[PDB]
Protein chains: 4
Amino acid sequence: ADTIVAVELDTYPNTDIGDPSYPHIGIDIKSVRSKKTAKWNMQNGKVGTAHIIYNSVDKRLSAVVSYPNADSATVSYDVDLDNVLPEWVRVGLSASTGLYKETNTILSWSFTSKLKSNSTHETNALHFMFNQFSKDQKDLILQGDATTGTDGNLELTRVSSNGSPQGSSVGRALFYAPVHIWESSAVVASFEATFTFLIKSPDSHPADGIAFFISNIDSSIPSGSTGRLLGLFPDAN
Amino acid sequence: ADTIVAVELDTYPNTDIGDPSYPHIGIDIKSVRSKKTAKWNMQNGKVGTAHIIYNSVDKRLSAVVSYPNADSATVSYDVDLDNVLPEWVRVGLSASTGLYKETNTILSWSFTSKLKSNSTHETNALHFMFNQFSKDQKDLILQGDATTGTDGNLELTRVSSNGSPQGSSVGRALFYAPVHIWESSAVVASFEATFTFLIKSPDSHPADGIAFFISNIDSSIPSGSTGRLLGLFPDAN
Amino acid sequence: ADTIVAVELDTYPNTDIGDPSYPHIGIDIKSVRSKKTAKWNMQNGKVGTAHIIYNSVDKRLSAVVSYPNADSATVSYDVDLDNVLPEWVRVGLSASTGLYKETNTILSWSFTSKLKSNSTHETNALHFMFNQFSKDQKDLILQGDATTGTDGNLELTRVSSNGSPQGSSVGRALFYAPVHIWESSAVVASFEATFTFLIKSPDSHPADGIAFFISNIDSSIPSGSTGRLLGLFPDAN
Amino acid sequence: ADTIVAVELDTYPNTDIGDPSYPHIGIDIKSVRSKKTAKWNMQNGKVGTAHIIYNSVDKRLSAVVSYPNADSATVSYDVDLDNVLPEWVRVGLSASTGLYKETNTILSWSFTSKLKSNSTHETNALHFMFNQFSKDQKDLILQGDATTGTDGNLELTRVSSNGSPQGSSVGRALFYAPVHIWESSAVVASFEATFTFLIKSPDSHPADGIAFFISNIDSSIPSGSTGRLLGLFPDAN
Ligand SMILES: [Ca+2]
Ligand SMILES: [Ca+2]
Ligand SMILES: [Ca+2]
Ligand SMILES: [Ca+2]
Ligand SMILES: [Mg+2]
Ligand SMILES: [Mg+2]
Ligand SMILES: [Mg+2]
Ligand SMILES: [Mg+2]
Ligand SMILES: [Mn+2]
Ligand SMILES: [Mn+2]
Ligand SMILES: [Mn+2]
Ligand SMILES: [Mn+2]
């Protein structure tokens with residue numbers, strides 16, 4: 001199977017697989033059962049922001065999710081990614097709906113990664129910034145139900161013509177270039193990701209969530225990953 | 001055939017196909033017969049720098065090539081790239097040898113492209129910086145004889161174990177992600193490229209040169225392009 | 001007197017001093033009588049964007065001014081700034097009202113300047129980005145009637161408590177650090193400025209305009225510069 | 001007195017004021033007696049690199065100091081700078097010699113700071129990069145014995161004409177613009193600083209060290225701060 005590291009914005013409490021009893025943000029290391037979570041005051045219909053950071057000095061993956069004028073939610077987990085991910089990866093966004101649903105709309109996404117050489121002390125860097133997504137956005141690999149171009153946005157899951165979100169939908173978008181996320185010979189390394197999102201649901205409760213993720217380069221949506229598995233994992237182990 | 005825009009650092013004067021009678025830099029628009037050239041006082045065995053810029057306001061492609069403590073060479077050409085290239089391209093470096101030869105070693109390569117939306121005034125941007133090239137550089141597509149990793153450099157053309165450049169060699173490196181180089185609905189767009197290079201000629205008579213180029217995404221080295229055609233064109237038309 | 005290079009967004013045609021008979025954008029080199037203008041279809045009460053660029057390879061100062069979903073206005077002028085400005089300058093925004101008036105509200109301002117050494121080929125760079133202006137914005141020198149903090153914006157000219165712009169007002173904001181704008185030993189240099197602005201004219205007859213300018217470091221608002229002189233020049237010569 | 005936060009590269013063990021018995025890097029919070037140190041394998045005559053980072057999510061100030069091809073030294077300390085520094089500061093480099101001496105040469109210095117608003121989720125940012133220092137570097141405030149321009153470098157302490165370093169010398173360089181280092185209303189904030197240095201000593205042991213520091217805007221070299229106080233503190237409390 002794929003190797004996954006993710007920061008989840010989980011809108012539905014699946015307490016039977018270890019979720020806390022409230023919408024929450026979490027850090028997922030090779031399992032949908034987050035290693036760490038924080039309660040998230042999710043706001044139906046409002047545009048929010050996610051900020052994710054990691055560096056090789058502290059080796060602490062942290063995320064902050066917030067809405068303008070509200071208090072933020074933050075989660076952190078100590079993890080040495082050199083022991084978890086392959087050296088080269090792809091980065092992406094993933095989202096799902098199940099019995100319950102919501103729009104999983106992405107309005108912007110940026111990423112920056114840097115590796116400073118132990119031998120020369122010079123750096124390699126990659127940076128991308130999407131503020132609009134065209135109908136043919138060739139530097140993204142769309143998987144599942146993901147589409148781009150509608151109102152200039154990236155819709156991770158299925159939305160009908162009438163603007164309503166559909167259930168049992170899974171969609172992901174990965175940046176086309178492989179990313180060198182760690183290197184033994186790098187003296188310092190870091191990455192950061194930011195995205196803005198709009199989750200609206202007409203249901204009695206939204207589901208299932210959005211995640212920023214890092215995976216093997218040939219990662220694909222696992223079988224049976226709609227709903228609570230967020231398009232990320234083949235099971236709930 | 002491919003669609004090619006390039007800046008050439010031409011170390012060998014092929015006067016039968018329109019080169020001036022001295023080493024020169026040139027702007028090539030869909031032909032190896034440059035639309036504009038400038039004399040280039042090349043310094044064999046010395047590390048040089050090339051800087052290439054263009055923006056959609058001036059629609060002028062300009063390049064500056066030089067070595068530390070020497071006078072620079074500059075060439076410029078007015079051209080509306082929206083009428084020349086496809087909207088989506090790849091960018092790369094190419095070089096060749098022929099009857100005569102030289103090392104075509106790249107020590108660093110950076111690129112930044114940005115497109116600002118007419119409807120939102122927000123920007124999409126891509127940036128990469130290589131200061132070292134590893135043996136498995138997954139974000140580069142190597143073509144022909146190009147290799148990475150020897151001393152952390154990109155060797156565009158074949159170099160023997162003893163360090164001696166070989167003749168009849170052609171090689172290119174392209175960035176893995178497609179690049180959105182122009183857009184009708186972009187109110188302002190720009191790109192910039194920089195690279196550092198070391199052309200060594202152990203017999204003091206080098207050929208054929210290095211180029212930065214922009215092509216259709218699926219471009220391959222054309223048949224018949226070693227030597228004076230720089231790995232870019234199938235003929236001298 | 002000061003040494004001023006500016007891009008003006010001139011909302012009021014002063015034909016007795018050489019303005020064209022319509023709102024326009026212009027390039028001003030040591031005189032309020034622009035060296036080049038372009039017609040500007042200004043949209044009162046709408047948020048606009050201005051983009052200014054220059055580099056030492058082309059030696060062309062260009063500006064683009066526009067509003068979302070409208071056609072842009074562009075103006076360009078060839079000028080070697082090494083022969084015009086001092087090596088070290090400050091950069092700023094200026095605006096004025098006179099007999100007639102308008103809000104001259106700035107919502108964002110960014111600038112980037114870079115100088116690449118001829119001897120080392122390494123670069124010095126400065127970058128700042130303001131997306132919000134606080135009540136005590138210590139990295140700005142406010143001159144005249146300019147204030148910061150109301151709604152997080154920079155109000156270059158006087159606005160009353162009821163929100164109504166006042167006449168005979170002049171104000172400027174300059175970045176605190178001096179900027180090295182050109183250097184003889186720099187092989188390549190460039191700058192770029194961007195700002196977003198909101199000019200509201202409650203009586204539909206606005207004056208006088210906003211400018212981005214580059215001046216000697218110790219520049220103050222000239223005596224007699226309210227109104228058509230834009231806070232930049234002591235007279236119309 | 002001034003308020004100081006610093007990362008020290010301490011080349012001389014003053015065990016009588018709490019230094020460990022070896023050259024070391026440390027984090028100094030309002031006292032020369034570091035809150036945390038790490039042993040530093042300082043290399044006489046070799047060019048090294050320092051990297052300093054902090055963000056408001058983790059609130060952990062960390063530093064990595066290293067030489068090419070050697071193992072790095074790293075030090076980290078949990079500290080909420082909102083409770084230590086004023087909101088607006090200046091940033092700088094400082095160095096000293098005493099009975100024993102060394103060159104305290106700076107070859108490059110860069111800094112980046114960012115503040116994202118809780119109300120709009122937009123960012124303010126400052127970035128500067130010095131790769132050469134001219135004889136008249138107007139965006140630096142030089143204090144004490146600091147000079148710029150010699151071989152394009154910043155010499156923090158006195159160096160004689162013959163290339164030899166002098167004793168009892170103190171010198172600092174601060175960036176001219178005030179920096180907004182924290183803000184209550186910022187949802188996320190971060191800063192990073194990098195510099196390259198050359199410390200050479202002809203003595204039986206080098207002294208006293210180099211520091212990156214953050215202080216009140218009007219900070220000046222304290223009385224009696226040569227030698228072990230690093231030009232930072234008025235005493236050893
Ligand atoms: Ca869940
Ligand atoms: Ca040729
Ligand atoms: Ca006017
Ligand atoms: Ca000491
Ligand atoms: Mg958007
Ligand atoms: Mg290199
Ligand atoms: Mg703003
Ligand atoms: Mg230097
Ligand atoms: Mn969960
Ligand atoms: Mn040629
Ligand atoms: Mn005018
Ligand atoms: Mn110490």
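We number each residue from 1, going along the chain as drawn.
This deposition comes from X-ray crystallography, 1.6 Å.
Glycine residues also receive a Cβ, built from the backbone N, Cα and C atoms like all the rest.
Swiss-Prot annotations:
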BINDING   D:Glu8, D:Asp10, D:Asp19, D:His24  Mn(2+) binding site
BINDING   D:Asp10, D:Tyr12, D:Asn14, D:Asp19, D:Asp208  Ca(2+) binding site
BINDING   D:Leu99, D:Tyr100, D:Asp208, D:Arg228  carbohydrate binding site
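Sequence features, as recorded in Swiss-Prot, placed on the structure.
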| residue | record | DSSP (3 states) |
| --- | --- | --- |
| D:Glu8 | Mn(2+) binding site | strand |
| D:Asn14 | Ca(2+) binding site | coil |
| D:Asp19 | Mn(2+) binding site | coil |
| D:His24 | Mn(2+) binding site | strand |
| D:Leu99 | carbohydrate binding site | coil |
| D:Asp208 | Ca(2+) binding site | coil |
| D:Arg228 | carbohydrate binding site | helix |
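Apart from the site residues D:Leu99, D:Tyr100, D:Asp208, D:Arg228, the chain places the Cβ of D:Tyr12, D:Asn14, D:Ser96, D:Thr97, D:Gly98, D:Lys101, D:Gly167, D:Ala207, D:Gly227 no farther than 8 Å from the centroid of the site's Cβ atoms, the recorded carbohydrate location. Taking D:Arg228 (carbohydrate binding site) as the reference point, the binding-site residues whose C-alpha atoms are within 10 Å of its C-alpha, out of D:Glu8, D:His24, D:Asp208, are D:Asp208.
For D:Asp19 (Mn(2+) binding site), the binding-site residues whose C-alpha atoms fall inside a 10 Å radius of its own C-alpha are D:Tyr12, out of D:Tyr12, D:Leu99, D:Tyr100, D:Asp208. Cβ packing within 10 Å was compared across the binding-site residues D:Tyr12, D:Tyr100, and the lowest neighbour count falls to D:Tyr100.
The Cα atom of D:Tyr100 (carbohydrate binding site) lies nearest to that of D:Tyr12, taking the binding-site residues D:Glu8, D:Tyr12, D:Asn14, D:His24 as the candidates.
Cα of D:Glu8 (Mn(2+) binding site) to Cα of D:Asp208 (Ca(2+) binding site): a span of 10 Å. Nearest by CA distance to D:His24 (Mn(2+) binding site), out of the binding-site residues D:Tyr12, D:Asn14, D:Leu99, D:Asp208, is D:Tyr12. Non-local neighbourhood of D:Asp208 (Ca(2+) binding site): D:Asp10, D:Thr11, D:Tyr12, D:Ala95, D:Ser96, D:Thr97, D:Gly98, D:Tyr100, D:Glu102, D:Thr226, D:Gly227, D:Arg228, D:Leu230, each in the same chain, at least six residues away, with C-beta under 8 Å from its C-beta. Least packed by the Cβ count within 10 Å, out of the binding-site residues D:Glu8, D:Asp10, D:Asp19, is D:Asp19.
The two recorded residues, D:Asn14 (Ca(2+) binding site) and D:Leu99 (carbohydrate binding site), have Cα atoms 12 Å apart. Taking the centre of the Cβ atoms of D:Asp10, D:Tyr12, D:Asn14, D:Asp19, D:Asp208 as the Ca(2+) site, the nearby residues of that chain (Cβ within 8 Å, site residues left out) are D:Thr11, D:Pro13, D:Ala207, D:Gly209, D:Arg228. Of all the binding-site residues listed here (D:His24, D:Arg228), the one with the fewest other CB atoms within 10 A of its own CB is D:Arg228. D:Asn14 (Ca(2+) binding site) counts 18 other C-beta atoms within 10 Å of its own C-beta, drawing on all protein chains shown. Proximity of D:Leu99 (carbohydrate binding site) to non-local residues of its own chain (separation of 6 or more, Cβ distance below 8 Å) is seen for D:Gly167, D:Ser168, D:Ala207, D:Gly227, given in sequence order. Proximity of the binding-site residues (D:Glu8, D:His24, D:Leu99, D:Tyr100) to ligand 4: a Cβ under 6 Å from the molecule is found for none of them.
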